[PDB]
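Colleague: Have a look at this one before I ask anything.
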Amino acid sequence: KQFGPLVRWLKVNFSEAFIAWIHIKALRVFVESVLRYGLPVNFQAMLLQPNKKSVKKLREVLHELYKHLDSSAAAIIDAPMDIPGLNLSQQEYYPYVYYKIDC
Amino acid sequence: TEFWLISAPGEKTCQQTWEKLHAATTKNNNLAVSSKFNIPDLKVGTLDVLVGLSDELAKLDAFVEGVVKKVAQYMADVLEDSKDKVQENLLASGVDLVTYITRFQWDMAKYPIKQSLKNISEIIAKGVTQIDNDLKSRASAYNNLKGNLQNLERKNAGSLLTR
Amino acid sequence: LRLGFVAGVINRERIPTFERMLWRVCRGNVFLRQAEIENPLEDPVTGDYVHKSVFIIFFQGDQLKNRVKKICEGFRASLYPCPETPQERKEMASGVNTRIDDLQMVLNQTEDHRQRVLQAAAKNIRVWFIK
Amino acid sequence: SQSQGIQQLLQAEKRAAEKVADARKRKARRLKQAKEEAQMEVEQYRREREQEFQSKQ
Amino acid sequence: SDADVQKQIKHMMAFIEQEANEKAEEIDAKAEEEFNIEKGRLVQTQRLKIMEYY
């Protein structure tokens, strides 16, 4: 009596749950991008599927290429922990604004 | 697997950044497959509000990650005998999850663009939190049904002292 | 009256790390300045001299402030109060000049008083001990 | 230079102060206009019903 | 660089100035509904007084 309908309800549930999660990911990306690259907004965002064993070189080149889009006279190299204050950082600093999806 | 979203801030017109990141980068080395995400024109508010949002959306992502993982976990815990090819049973939309995400676009039907980001996030939060509560109710209910069935199995189990 | 403004003091070699911290936590929306202090100055809690620097931070909202000021405290930077206008700078400068001069006067006087009273006791203390 | 740019920022905030003051001025003017216009329409109605009252008389 | 620092400063000037723009614009839009609500209030009240006396 109940096997089918809850499996189908979970399918239906996951549809909207995942769609909303991607909505949220886009919102975070957008907000950080506006804050970094001041007004006006010029964010034609990129989706990357990294290929096998590509992360190191890929991030190296991308980080290097973004140094003349984002000023590199501050941050980047290192910083202490940031527990004091409103929030403590969840991510590294890159001259590109980046977020991730575990598809 | 793993995918990344990158800002690609145009560098004046779109092509100059987008194609430099896609075609020039992959021609230099095909270290990643690239596609266009086409961020929507959500109405930007005040700097103070957006700074607060910079933490709001961190917390929201940290929460909805757990929410979606809960959905997947309950899907598997209900369909254990047929959980194989997991994301195909779980698929949110499309023929496959990769196909959906590589063509993702902001959904105007669920949340239209004209509103403020605060409102859009609030409605998103309503959706996902109701989803969390309904999971905790219904999937727990199916687990309870499995518990009742397993208690019947225990009744059947053992010598006649239990039977 | 909508820009946030603070100033304070911080040690040498801490300045670039502090800038990196601030520009990483409030990226592209806060700014700071730094400049020397002539001669080393005494640290209040540790009790040793070390070189110092003045610094400024400028911020645009309270959401940013609740990062910036608490991060300064995490760096254990010291702010103290600051003036609102140049006339308030004159007010505070005269006030601190007068007050630090008074504190220096009474500090010299109190240390010389310790010397005086301690010698007064020492003049006979050994006889006090044996008695 | 940093000092010149930041002074230019103080100028920017004075510009913002001017903008908000302009907003408040607009609001006060518009509210006063609303008051007067409503009063005048009220006068029209008052006279109209005075006239109808006298006609019935 | 100082060039990038002053570009940052230009950016945050743009931010504060657009914030002032939005604040003034919303105050004016709310002044429109205040216009509307005051018109309704005063017309209604004076109308009622006149109606009662007549």
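Colleague: Of the candidates C:100, C:71, C:56, which one comes out as most mobile in a Gaussian network treatment of chain C with C-alpha springs shorter than 10 Å?
Modeller: C:100
Colleague: Whole-Hz Karplus ³J(HN,Hα) for region A:30-39, in order, using 6.51 cos²θ - 1.76 cosθ + 1.60 and θ = phi - 60°, x for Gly and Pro?
Modeller: Couplings: 4, 4, 4, 5, 4, 4, 6, 8, x, 4 Hz.
Colleague: Tell me the Kirkwood hydrodynamic radius of region C:8-108 in angstroms, computed as one over the mean inverse distance between distinct C-alpha pairs.
Modeller: 15.3 Å
Colleague: What angle, in degrees between 0 and 90 and rounded to the nearest 10, separates the Cα long axis of helix C:62-74 from the longest principal axis of the Cα atoms of chain C?
Modeller: For C:62-74 against chain C, the angle is about 40 degrees.
Colleague: Sticking with this structure for a sec: May I ask for the angle, rounded to the nearest 10°, between helix C:15-25 and the longest principal axis of chain C, with both axes built from Cα atoms and the value confined to 0 to 90°?
Modeller: Once rounded, the angle reads 40 degrees.
Colleague: Here's another thing I want to ask about it. Run through every distinct alpha carbon pair of chain E and return the Kirkwood hydrodynamic radius in angstroms, one decimal place. Mind dumping the intermediate values first?
Modeller: Details: mean 1/r = 0.0678 Å⁻¹.
Value: 14.7 Å, from the Cα pair sum.
Colleague: Of C:55, C:26, C:103, which is farthest on the positive side of the dipole of region C:9-121, counting Cα position, with +1 on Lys and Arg Cβ, -1 on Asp and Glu Cβ, and the Cα centre as origin?
Modeller: Among C:55, C:26, C:103, the one farthest towards the positive end of the dipole of region C:9-121 is C:26.
Colleague: Could you list log10 I(q)/I(0) for region B:75-163 at q = 0.14, 0.23, 0.24, 0.26 Å⁻¹, which the Debye formula gives when each Cα is one point scatterer?
Modeller: -0.78, -1.16, -1.17, -1.20
Colleague: For chain A, what number results from the quotient of the Cα radius of gyration and 2.2 N^0.38 Å?
Modeller: Working it through for chain A, the quotient is 1.46.
Colleague: Counting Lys and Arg as +1 and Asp and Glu as -1, each charge on the Cβ, what is the dipole of the protein assembly as shown about the Cα centre in debye, to the nearest 20? Can you show the working numbers first?
Modeller: On the way: 78 positive and 68 negative charges, 205 e Å.
The dipole of the protein assembly as shown has a size of about 980 debye.
Colleague: Could you calculate the FRET efficiency of residue A:8 with residue D:22 from 1/(1 + (r/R0)^6), where r is the beta carbon distance between them and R0 is 56 Å, rounded to 0.05?
Modeller: The formula returns an efficiency of 0.45 here.
Colleague: Please state, rounded to one decimal and in Å, the Kirkwood hydrodynamic radius that region D:10-57 gives when every pair of distinct Cα atoms enters the mean of 1/r.
Modeller: 13.8 Å
Colleague: Which residue fluctuates the most in chain B, going by a Gaussian network model with Cα springs under 10 Å, if the choices are B:58, B:76, B:139?
Modeller: Result: B:58 has the largest fluctuation of those listed.
Colleague: Can you give the mean number of other chain Cβ atoms that lie within 10 Å of the Cβ atoms in peptide B:149-159?
Modeller: Rounded to a whole number, the mean comes out at 0.
Colleague: So for the protein assembly as shown, considering every pair of alpha-carbon atoms, how many percent are separated by more than 39 Å?
Modeller: The proportion of pairs with Cα distances above 39 Å equals 50 percent.
Colleague: Here is a further query. Based solely on its DSSP helices, what 222 nm [θ] is calculated for chain C when runs of n ≥ 4 H residues each add -39,500 (n - 2.57) and the sum is averaged over all residues, nearest 500 deg cm²/dmol? Don't skip to the answer; put the middle values down first.
Modeller: On the way: 4 runs with 67 residues, N = 131.
That calculation yields -17000 deg cm²/dmol at 222 nm.
Colleague: Then there's this: Going by how many other beta carbons lie within 10 Å of each one, how would you line up D:46, C:20, D:24, fewest first?
Modeller: D:24, D:46, C:20
Colleague: May I ask you to derive the relative contact order of chain C, considering only C-alpha pairs under 8 Å and at least 6 residues apart, and to give it as an integer percent?
Modeller: 27 percent
Colleague: Just the Cα atoms of region B:1-147: what Rg and Dmax do they give in Å?
Modeller: 19.2, 61
Colleague: Report the Cα-based extents of region B:1-75 along its three principal axes, largest first, to the nearest Å.
Modeller: On the principal axes, region B:1-75 reaches 42, 39, 16 Å in Cα extent.
Colleague: Now for a separate question. Expressed as a whole number of Å, what is the distance separating the alpha-carbon centroids of region C:18-77 and chain E?
Modeller: Value for the Cα centre distance between the two parts: 38 Å.
Colleague: To the nearest 10 degrees, how steep is helix A:55-65 against the longest Cα principal axis of chain A, on a 0 to 90 scale?
Modeller: Approximately 50 degrees, to the nearest 10.
Colleague: Okay, helix-only estimate at 222 nm for chain A: each DSSP H run of n ≥ 4 adds -39500 (n - 2.57), divide by all residues, round to 500 deg cm²/dmol; what do you get?
Modeller: Only helices count here, giving -15500 deg cm²/dmol.
Colleague: Given 25 °C and 0.890 mPa s, compute D for region C:25-72 with the Stokes-Einstein relation, Rh being the Kirkwood radius over Cα pairs; round to the nearest whole µm²/s.
Modeller: 194 µm²/s
Colleague: Using the basic label-point model (7 angstrom from Cα toward the beta carbon), what is the residue D:40 to residue A:89 distance in nanometres?
Modeller: According to this spin-label approximation, the distance is 6.2 nm.
Colleague: 7 Å from Cα along Cα→Cβ at both residue B:85 and residue C:89: what's the point-to-point distance in nm?
Modeller: 7.3 nm
When we count neighbours, we look across all protein chains shown, and the Cβ atoms used for this are built from the backbone with ideal geometry, even at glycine. No lab work stands behind these numbers, since they all come straight from the coordinates.
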